[PDB]
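Side chains are part of it too, since the values below use all heavy atoms of this structure and drop only hydrogens, waters and symmetry mates. Quick note on labels: first sequence line is chain A, next is B, and so on, each numbered from 1.
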Number of protein chains: 8
Amino acid sequence: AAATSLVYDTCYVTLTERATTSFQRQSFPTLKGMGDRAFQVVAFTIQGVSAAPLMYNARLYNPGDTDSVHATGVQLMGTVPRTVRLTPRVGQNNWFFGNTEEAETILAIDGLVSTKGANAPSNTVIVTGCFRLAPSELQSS
Amino acid sequence: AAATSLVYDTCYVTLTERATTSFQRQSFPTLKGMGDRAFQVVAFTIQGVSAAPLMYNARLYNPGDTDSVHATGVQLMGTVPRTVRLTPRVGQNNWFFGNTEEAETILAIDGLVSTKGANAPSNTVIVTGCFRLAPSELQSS
Amino acid sequence: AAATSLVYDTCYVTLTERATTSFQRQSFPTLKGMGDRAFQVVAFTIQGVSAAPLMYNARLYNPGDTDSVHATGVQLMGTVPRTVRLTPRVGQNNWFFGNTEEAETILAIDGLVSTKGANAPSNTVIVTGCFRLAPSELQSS
Amino acid sequence: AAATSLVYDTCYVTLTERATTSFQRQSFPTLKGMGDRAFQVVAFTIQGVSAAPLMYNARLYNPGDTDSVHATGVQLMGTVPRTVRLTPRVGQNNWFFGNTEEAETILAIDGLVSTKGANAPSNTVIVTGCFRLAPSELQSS
Amino acid sequence: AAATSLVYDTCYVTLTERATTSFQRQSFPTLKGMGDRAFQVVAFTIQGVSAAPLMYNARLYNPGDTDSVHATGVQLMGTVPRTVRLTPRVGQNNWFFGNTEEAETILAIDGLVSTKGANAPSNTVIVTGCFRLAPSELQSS
Amino acid sequence: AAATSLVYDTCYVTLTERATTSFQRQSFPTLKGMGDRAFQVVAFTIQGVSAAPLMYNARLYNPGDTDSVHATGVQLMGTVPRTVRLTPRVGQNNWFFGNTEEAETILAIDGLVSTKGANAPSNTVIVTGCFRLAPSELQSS
Amino acid sequence: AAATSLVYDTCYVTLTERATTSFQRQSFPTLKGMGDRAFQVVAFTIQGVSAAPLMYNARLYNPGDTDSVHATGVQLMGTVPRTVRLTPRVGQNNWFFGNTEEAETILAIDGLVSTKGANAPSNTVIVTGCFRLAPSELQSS
Amino acid sequence: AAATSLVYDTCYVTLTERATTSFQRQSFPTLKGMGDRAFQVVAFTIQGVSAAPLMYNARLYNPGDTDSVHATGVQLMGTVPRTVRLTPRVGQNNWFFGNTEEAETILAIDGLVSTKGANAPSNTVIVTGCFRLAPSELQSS
C-alpha cells in the first residue's frame, strides 16, 4: 500500500463587508510546505463570532474552477462562537494534484451585511480544514 | 504504598493581543508552596469570556522544554463563558521533579487578534489544572 | 477539541559500511515545512534490499538525546525487499516540540558489514515514518 | 522484531543518617557491563532491616534529572526484613539511552532519623531493580 | 462545580515519655503553604516502631477545640513497624477554614510509659494525613 | 481499632412554669465520672406525666453553643406517661471533647403553661440519653 | 415528631471589584423574621449576569467562623444568566442556633476582576438559599 | 425496657516477676466513677510486649471469689505486641452488683519467668475490658 494521511490545518481571518476572502493552498501551513503531494478536502469546520449582526457564506472549490461547487449558504453571526461544518459529497471532491500552485483557491468566504452601505462590525472566523494526503512525489538522486 | 494525591489549582488572567502569558509552577498556589514533591499534569480546564471577538491558544509543556508539545489549537471567545479541556496523552506527560524552579513554565496561553494591529478587548481566562503529586522528599533530623 | 493529525512521510538512502545516516526533522518533507507544530513518532517502517550481504540497525531517538532508546537490532539484507517495523513503547515516545530544529535526529540507521574492512554493496533503504501532529502554534495579527 | 530483555539486578548498602546513597548505572552489575543498550526501569523492590528505629525514602529518577519524580515516601525500618515495591507510572518511566554514563543516578535512597543529631543504627537495605533492555547498538567490522 | 482535592501529607517524630506532640497545620508541608483554602481530615495513618516497650495515643481535634474528640486509644509499640488507622465519623469531622492559623492543632500524640518515672526508648512515629481541600479563596486584581 | 462504647444514662426532674432546666454533663452519672473521654449524643428519650395540662419543649445543644440547634417542639403532657424521641441529624451532632466542663449544657427542657401567670401542676419528666464514647485519654506513668 | 421545615429565601446584589458582600441571617426575609428557631444550610443557587467580563467566588460559612469552609471556586460571568449550585457536605453543615444574631454571615461573595485596578462592570447576582428549620423555641405564658 | 449499655475500658501495667497485679473496679475509669449500676464482664483483650522472654497468665474472677474461674493459660511475650482474648462462658459470668467495692478484683495477671530468681525485663501490658451495664440505681428526691 500507499498510506493516505489525514491532516487538520487552521487559518483565521476578519471578514470585510462586500468582499470575499480566499483561503488558498498557502493559507494552510501544512499544505503550504509539504511539497509535491496531492490532497483532497474531507471537511471544513467554520467557527465565527461577531460584535454585532453579520453574515458569511463559505464556498468550496474543486481544483481549477472559477466559481464554487458547494456552500454553507448564508450564515448569521452573533456574540457567541458558533460552528458550521461543510462536507463535500461526490463531485465537489476532486483531488488537487501535488503541484497545485500556492495561490490556488480551496475555500472562499464572503462577508455580507443586510443594510445597504453598512460596514462589518468586528468579527473573527476560524477555518479548520481536514485534508487527505497522497504519498509524496519524491525526486531521484 | 505511596499514595499519589490529586490537587486542583486555579489561576486567572487577562490576555493581551500579541503576547503569551506563562503559567509557571508559582502561578498555582498549592504547587507553589508544597515543597520538594514531584507532580504531573493530569488535565487543564480553560474557561474564557471576552467583550468582543478574541482568540487564544493554550499550550502545554513537558519539563525543561523551550516550546510546547500539546495545544488546544486556536479558540474563539465570545460574551458568554466557554470551557475547553486540554488533556495530555503519553509523551506530553512527563513528571516535573520535586525541585522544579518556581519560574518553570507549565502552560502558556497566547492572545491572538485577527485584525492587523488591533488591541484585545476586555477578557478574562480562568485556568484550572489537575495535578498528580508524588510523596514528599522530606529531610532528616 | 484539538484534532491530532496522522501523517506518513518517506525518505530513502544508500547505507555506507561504517557509518550511520541520520534521519532528521528535515529528512521528512511534511515535518520539514509544517511550521511550529509538535509531533510524536507513532511507528517506522524500514524496507531494504542489497546486491550482496549487508546489515543495518535502525535506532529511534527521544528529543534531545545523544544516543537512541529503541532499535530494531541488527537486520540482514538480501536481494529481495524486506520490511521491518519499529514501534516505540511508553518512554521511547516523548513528543518533539513545535520548534524542534530541522537538524534534530529522529532515527539513525547504522550500516554494518561482517568482514573486516569490507565495503557495503549497492543497497537502498526506504524509511516511512508515521507521525502524530499537535495543533499549530499560530501567530497573532 | 527486536526482543526486549528483562533483567533483575541487585545491590545492597548500609544507610547513613543525613545522607543519600545513589544507585547509579554502575551499581547494577548487568547494566554496568552490558555495553551500548538502552534500558527502562520496570520496578524496584527495596528490602530493609535495622537494629533500631530508622527511616528511608527511595526516590526514582528519569534520565538526566537533578531531582526525583517518584518516591516510596518515608518508610520505617524494624528488626525484621520488610519489602516495599516502587513501580513508576507513565512519565516517571523514560528510557535511558544505551550510552548513559556509568555514574548516572537511577535511584537514590535517603537515610533519615527522627531525633535531632542522632546516628543511624546498624542497617542493611537490598535493592533489586527490574529493567527492560532494548537491542544492542553493535559496531560494524 | 468546585472540584475537591485529596492530598496526603506526612510528618514524623520521636515521642517523649510524659509529653504530647502536636501536629499542627504547619506540620504538614502542603497544608502549610497552600494559602487560603479550607480542608477536612479524611483519615490518619500512624506507623510506629520502638526499641523497647512504649505506648502512644493519637488524638484527633475539631477546629478550635481545646481537647480531642477522637482517639486511637493507647497503642503498644514493638521492634517491628505497626500501622493503625484513625478515621473520624460524623461530628469529629468539622472543616478547618482556609485561614486557620499555622499553629492550630489537628492531631496530638501522647507518649506513655507503664513504669513510674521511666524514659521512652528510641522510637519513631510516621503520621500520614489524608485531607480533602476546598477551592482556593483567591484575591482580586 | 478504637472501640466506641454506647451508654444510656438517665436523669429525672420536675418542670417549673417559666423556667428551663438544664441537663449538663454532670446530670448524667456515667458522663459525670468517666474522666477524659469524648462523647456524642446519639438520641434522647423523654418521658413525662403531669397531674393537669402542661407543656414542655426539649432542646438539644452542640458543644459550646449559647442556644439549641434541635428541639422536640412543644409537647403536651397528660395523666398517663408519654414518650417522645429526639434524634439529632448531621450538624446537630458535634462531639463533646473529653474535657468538657461538668456544667456544660447538653439538653435543656422548658416548662410552659398556656394560661397567663398559671403555675405548673405536679409533673415528672424522665430523660434517658444514649451516648457514644471515644477511647479514654489516659495519662502516662 | 418535630417536623423540620424547608424554606427557600432569595436576595440579590451588585458585586463590587475588590470587595466581598456578606449575606447574613438578615439578608434572607424568612430567616430574618422567624424568631428563635435553628436552621441549617441545605444548598445555595447562585445566578449571575454581567455586562462585561467579571468573576465571583461564593463562599459558605459554618456558624461563628471567621473564614469560609466551602466555596464555588472562582466563576466567570457573561452577558447571559448562568447558574451555579453550592451544596455543603458533612462538616460544612453545622446548624445555626435559633438565636443567631441577625448580622451573622452565612454566605460571602467576592467580586474579582483580572486586570489590575479595573472596575467591575454592571452586574447582578441572585442568591437563593434552601434552609432546613428546627421547631420554634416558644416562650411560656 | 431497660437498655443495657456496652462500655470498653482500658488500663495498662508493667508486670513484675513473682507477683500478680490486680485489676479492680477502680482500675477501669468508667466503672470507677459510674455510681450504683451493675455490670458484667463480656470479654477482655490483653496486649503485651516485652524486651526479652517473659510470661503472663490473665485470670478472670466472679464477684466475691478468692481465686479465679477462668484464665488465658500462660502466654509468652516477645518484642512485638501480641493480642489474646479472654471470653467467659456460662458460670464464669456472674454480674457484679452496682455497689461492688472499688477494690473488688475483676482480673488478675501473674508475671512469670522461667529461670529461677530471674527478674522480669521491661514490659507493658494493655488490658481492655468490654462490660455490659445495667440501668442505674438512682436515689429519690
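The minimum heavy-atom distance between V84(E) and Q75(E), with the atom names listed, is CG2-OE1, 3.6 Å. Heavy-atom minimum distance, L86(H) versus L60(H): CD2-CB, 4.0 Å. In plain terms, the two heavy atoms of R59(H) and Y61(H) that are nearest each other are NH2-OH, 2.9 Å. Between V41(G) and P88(G), the closest heavy-atom pair is O-CG, 3.7 Å. Closest heavy-atom contact between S68(E) and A38(F): O-CB, 3.8 Å. Closest of all the heavy-atom pairs between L54(F) and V113(F) is CD1-CG1, 3.8 Å.
Exactly one of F131(H), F23(H), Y8(H) qualifies for a ring pair (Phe, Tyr, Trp, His ring centres under 6.0 Å) with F44(H). That residue is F131(H).
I106(G) is listed as a side-chain neighbour of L31(G), based on a closest heavy-atom distance under 4.5 Å. Looking only at side-chain heavy atoms (C-beta outward), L6(H) and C130(H) come within less than 4.5 Å of each other. Side-chain atoms of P81(H) and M77(E), non-hydrogen and from C-beta on, never get closer than 4.5 Å to each other. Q24(E) is not listed as a side-chain neighbour of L107(E), based on a closest heavy-atom distance of 4.5 Å or more. Between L112(E) and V74(E), some side-chain heavy-atom pair lies under the 4.5 Å cut-off.
Looking only at distances, a side-chain donor or acceptor of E104(H) sits under 3.5 Å from a matching main-chain atom of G64(H). A donor-acceptor pair under 3.5 Å is formed between the side chain of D67(E) and the backbone N or O of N99(F). Between the side chain of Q40(F) and the backbone N or O of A134(F) there is no donor-acceptor pair closer than 3.5 Å. Judged by distance alone, with hydrogens and angles left aside, the side-chain atoms of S50(F) form a donor-acceptor pair with the main-chain N or O of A52(F) at under 3.5 Å. No donor-acceptor pair closer than 3.5 Å links the side chain of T124(F) to the backbone N or O of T14(F). The closest donor-acceptor contact from the side chain of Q92(E) to the backbone of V69(E) lies under 3.5 Å. Distance alone, capped at 3.5 Å, places no donor-acceptor pair between the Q47(F) side chain and the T83(F) backbone.
Taking CG of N62(F) as the start and OG1 of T105(F) as the end, the distance is 12.5 Å to the nearest 0.5 Å. Note that CD1 of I109(H) is 6.0 Å distant from OG1 of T21(H), once rounded to the nearest 0.5 Å. For the atom pair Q26(F) CD and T100(F) OG1, the distance stands at 10.5 Å (nearest 0.5 Å). How far CZ of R132(H) is from CZ of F39(H): 13.5 Å, rounded to the nearest 0.5 Å. Rounded to the nearest 0.5 angstrom, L138(H) CG and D36(H) CG are separated by 9.0 Å. To the nearest 0.5 Å, atoms CZ (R37(F)) and CD (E137(F)) are separated by 11.5 Å.
In this structure, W95(F) and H70(E) have tilted ring planes: the angle between them lies in the 30° to 60° band.
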Next on the checklist: Does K32(H) form a side chain to side chain contact (heavy atoms under 4.5 Å, CB included) with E102(H)? I'd like the steps, not just the answer.
Outcome noted: CA-CA 7 Å; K32(H) 180 188 181 177; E102(H) 294 286 6; 3.8 Å; yes
Checklist entry - Hey, mind stepping through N123(F) and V49(F) against side chain to side chain contact (heavy atoms under 4.5 Å, CB included) and telling me if it holds? => result CA-CA 6 Å; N123(F) 68 92; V49(F) 228; over 6 Å; no
Next on the checklist: Run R25(H) and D9(H) through salt bridge (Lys or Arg N to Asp or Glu O under 4.0 Å) and show every step you take.
Outcome noted: CA-CA 11 Å; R25(H) 176 185 175 155; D9(H) 252 353; over 6 Å; no
Item to check | Step-by-step side chain to side chain contact (heavy atoms under 4.5 Å, CB included) determination, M34(H) to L133(H) | outcome: CA-CA 10 Å; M34(H) 63 176 62; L133(H) 313 183; 3.7 Å; yes
Next on the checklist: Between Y12(H) and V127(H), does the side chain to side chain contact (heavy atoms under 4.5 Å, CB included) criterion hold? Intermediate values first, please.
Outcome noted: CA-CA 6 Å; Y12(H) 61 72; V127(H) 173; over 6 Å; no
Checklist entry - Run the salt bridge (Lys or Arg N to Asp or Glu O under 4.0 Å) check on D110(E) and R18(E) step by step: do they pass? => result CA-CA 7 Å; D110(E) 306 320; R18(E) 279 149 218 115; over 6 Å; no
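In this structure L76(F) satisfies the side chain to side chain contact (heavy atoms under 4.5 Å, CB included) test together with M55(F), sequence neighbours excluded.
When only modelled atom types and interatomic distance are considered, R85(E) and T72(E) share no side-chain donor-acceptor pair under 3.5 Å.
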